[PDB]
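**Student:** Chains A and B, in that order, are what the protein sequence lines are. Residues 524 to 674 (our numbering) are what the first sequence spells out, left to right. Residues 535 to 686 (our numbering) are what the second sequence spells out, left to right. We treat Cβ as the ideally placed atom computed from N, Cα and C, and that holds for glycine. This is the structure, below, for whatever I ask next.
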Amino acid sequence: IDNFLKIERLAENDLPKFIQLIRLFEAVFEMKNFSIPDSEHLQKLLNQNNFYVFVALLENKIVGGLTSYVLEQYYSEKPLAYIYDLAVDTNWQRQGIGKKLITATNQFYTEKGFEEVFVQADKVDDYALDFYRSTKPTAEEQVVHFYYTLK
Amino acid sequence: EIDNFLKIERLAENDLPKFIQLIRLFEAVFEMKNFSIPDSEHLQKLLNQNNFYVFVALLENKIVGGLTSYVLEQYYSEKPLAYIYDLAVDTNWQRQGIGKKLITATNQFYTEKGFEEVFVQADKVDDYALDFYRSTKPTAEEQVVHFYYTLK
Ligand SMILES: OC[C@H]1O[C@H](O[C@H]2O[C@H](CO)[C@@H](O)[C@H](O)[C@H]2O)[C@H](O)[C@@H](O)[C@@H]1O
Ligand SMILES: [Ca+2]
Ligand SMILES: [Ca+2]
Ligand SMILES: [Ca+2]
Ligand SMILES: [Ca+2]
Ligand SMILES: [Ca+2]
Ligand SMILES: [Ca+2]
Ligand SMILES: [Ca+2]
Ligand SMILES: [Ca+2]
Ligand SMILES: [Cl-]
Ligand SMILES: [Cl-]
């Protein structure tokens with residue numbers, strides 16, 4: 524596939540590819556009764572200087588991607604990147620696409636002089652864990668994630 | 535009994551000195567090795583960002599606790615998320631409600647701003663932090679794994 528596959532970092536004139544990726548997230552994550560935000564909101568997000576999206580393309584079809592947030596640090600002038608979502612179309616999994624997305628993401632942030640990139644996976648998702656373990660991370664740590672649903 | 539002396543405040547752009555005090559508190563409580571604080575130009579730039587909010591606890595004008603939080607605009611909703619990144623309380627003033635009041639003020643702030651959710655993480659080996667967050671009425675907790683790629 525590495526003759527056909529293209530990895531692309533989205534820019535501000537890439538809203539259609541971004542929407543395609545959000546729809547892939549909806550599909551792969553099996554999100555229920557999802558209503559996509561209006562395009563104006565999604566464009567503002569894409570225009571943020573702390574947000575970077577990477578996609579995998581076959582021809583003009585988005586077949587995978589990931590989203591990431593920049594966290595400027597107070598411990599270092601070298602920022603963190605937080606990978607928020609990563610998905611590959613079920614029809615194109617096990618073809619190296621996820622690994623290529625992680626590699627491209629980390630290379631980009633390396634060139635930008637970042638300290639570290641990190642990502643979260645659920646402890647019961649053994650295949651996600653297998654995947655991230657195969658990308659040669661520096662460290663892996665058990666974490667408890669808490670949230671507060673606001674009124 | 536500091537209940538009537540404790541002040542909880544959200545840092546403004548003129549609060550670099552309190553921000554630096556908080557960062558030193560983090561260095562002490564988290565026992566950080568070989569820490570060189572970034573220069574103040576960088577720290578001021580961060581404090582100036584409109585997607586970064588710091589809450590502190592004060593006894594008089596001494597910082598005795600605080601937390602840092604990042605706004606994450608979503609593509610799943612127009613309502614943002616807030617990510618609490620660090621929270622610490624002076625070892626001399628722990629287990630006296632300071633952490634709880636910081637979390638309450640933080641969630642109240644983001645509620646008023648119409649955010650969807652505030653989230654925070656603790657290392658599984660950090661028994662103290664886990665018992666703390668479980669005492670703040672979180673909506674839920676999830677067992678997860680973090681993977682880190684430290685860059686050259
Ligand atoms: O495909 C596996 C799961 O991916 C997502 O969940 C991960 O990413 C979330 C957003 O950063 C985290 O909150 C979560 O802890 C991770 O597991 C997706 O939301 C899940 O539905 C998928 O099953
Ligand atoms: Ca493009
Ligand atoms: Ca799933
Ligand atoms: Ca921009
Ligand atoms: Ca510098
Ligand atoms: Ca030393
Ligand atoms: Ca500002
Ligand atoms: Ca979730
Ligand atoms: Ca280096
Ligand atoms: Cl894959
Ligand atoms: Cl406390």
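At a Cβ threshold of 8 Å, is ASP645(A) touching chain B?
**Tutor:** It does; some Cβ of chain B falls within 8 Å.
**Student:** At what residues does the alpha helix (DSSP H) containing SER591(A) begin and finish?
**Tutor:** Here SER591(A) belongs to no alpha helix (DSSP H); instead the beta strand (DSSP E) covers 584-594.
**Student:** Is any beta-carbon of chain A found at less than 8 Å from that of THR602(B)?
**Tutor:** At least one chain A Cβ lies under 8 Å of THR602(B).
**Student:** Compile a chain-ordered list of the residues in the region 535-556 of chain B whose CB is closer than 8 Å to at least one CB of chain A.
**Tutor:** Under the 8 Å Cβ criterion, the region 535-556 of chain B contributes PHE553.
**Student:** Short of 6 Å in beta carbon distance, which residues of its chain neighbour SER591(A), apart from the five on each side in sequence? Order them along the chain.
**Tutor:** Around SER591(A): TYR575, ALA604 and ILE606.
**Student:** Please report how far the alpha carbon of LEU533(A) lies from the alpha carbon of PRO539(A), in whole angstroms.
**Tutor:** Using only the alpha carbons, I get a separation of about 10 Å.
**Student:** What number of angstroms, rounded off, separates the C-alpha of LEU621(B) from the C-alpha of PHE527(A)?
**Tutor:** So the two alpha carbons sit approximately 47 Å from each other.
**Student:** Where do the ends of the alpha helix (DSSP H) carrying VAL551(A) lie?
**Tutor:** Residues 538-551.
**Student:** Taking the beta carbon of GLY587(A) as the centre, do at least 16 other beta carbons fall within 10 Å, making it buried, or is it exposed?
**Tutor:** Burial call: buried.
**Student:** By the three-class DSSP mapping on this structure, what secondary structure does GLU600(A) have?
**Tutor:** Three-state DSSP puts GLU600(A) in coil, outside helix and strand.
**Student:** Among the residues of its own chain, which have a CB less than 7 Å from the CB of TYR655(A), if the five just before and after it don't count?
**Tutor:** Same-chain partners within the cutoff: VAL642 and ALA644.
**Student:** Our contact map puts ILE559(A) next to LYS623(A) with C-beta atoms below 8 Å; I'd like the distance itself, whole angstroms only.
**Tutor:** About 26 Å separates the two Cβ atoms, so there is no contact after all.
**Student:** Report the rounded CA-to-CA distance for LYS567(B) versus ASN585(B), giving the unit in angstroms.
**Tutor:** Going from the Cα of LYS567(B) to the Cα of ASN585(B) covers about 28 Å.
**Student:** Given that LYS555(A) touches chain B, what residues does it touch there, using C-beta distances under 9 Å?
**Tutor:** Correct list: empty, because the minimum Cβ distance to chain B is about 12 Å.
**Student:** For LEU636(B), return the contacting residues in chain A, with the cut-off set at a CB-CB distance below 9 Å.
**Tutor:** Per Cβ cutoff of 9 Å: no residues; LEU636(B) is ~13 Å from chain A at best.
**Student:** Looking only at C-alpha atoms, which of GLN677(B), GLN608(B), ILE557(B) and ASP661(B) sits nearest to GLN578(B)?
**Tutor:** Among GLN677(B), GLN608(B), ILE557(B) and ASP661(B), the Cα nearest to that of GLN578(B) belongs to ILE557(B).
**Student:** Output yes if chain E places a C-beta closer than 8 Å to the C-beta of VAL623(B); else output no.
**Tutor:** Reference to chain E is not applicable here, since the protein chains of this structure are A and B.
**Student:** Can we count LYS686(B) as close to ligand 9, meaning its CB is less than 7 Å from some heavy atom?
**Tutor:** Yes, the Cβ of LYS686(B) comes within 7 Å of a heavy atom of ligand 9.
**Student:** Taking the alpha carbon of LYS584(A) as the point to measure from, which residue in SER562(A), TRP615(A), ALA662(A) and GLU600(A) has its own alpha carbon closest?
**Tutor:** Among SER562(A), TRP615(A), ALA662(A) and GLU600(A), the Cα nearest to that of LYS584(A) is on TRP615(A).
**Student:** Please check the pair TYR597(A) and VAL652(B), which I expect to be a contact at CB under 8 Å, by giving their CB distance rounded to whole angstroms.
**Tutor:** Incorrect: roughly 19 Å between the Cβ atoms, too far for contact.
**Student:** Out of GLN571(A), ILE542(A), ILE620(A) and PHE548(A), which one is the CA nearest neighbour of residue 689(B)?
**Tutor:** Given that chain B is displayed from residue 535 to residue 686, the structure contains no residue 689(B) and the question cannot be resolved.
**Student:** Could you check whether the Cβ of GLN665(A) sits closer than 7 Å to any heavy atom belonging to ligand 1?
**Tutor:** No, since every heavy atom of ligand 1 falls outside the 7 Å radius drawn around the Cβ of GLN665(A).
**Student:** Could you check where the alpha helix (DSSP H) with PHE654(A) kicks off and where it finishes?
**Tutor:** Per DSSP, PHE654(A) belongs to the alpha helix (DSSP H) from 649-656.
**Student:** Restricting to Cα atoms, I'd like to know which of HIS576(B), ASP661(B) and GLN642(B) is closest to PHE589(B).
**Tutor:** It is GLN642(B) whose Cα lies nearest to the Cα of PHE589(B).
**Student:** Is any beta-carbon of chain B found at less than 8 Å from that of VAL666(A)?
**Tutor:** Closer than 8 Å: yes.
**Student:** Check whether the Cβ of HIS576(B) lies closer than 7 Å to any heavy atom of ligand 5, and answer yes or no.
**Tutor:** Checking every heavy atom of ligand 5 against the Cβ of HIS576(B), one is found closer than 7 Å.
**Student:** Under 8 Å, Cβ to Cβ, is there at least one residue of chain B near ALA579(A)?
**Tutor:** For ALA579(A), the answer is no, since every Cβ of chain B falls outside 8 Å of its Cβ.
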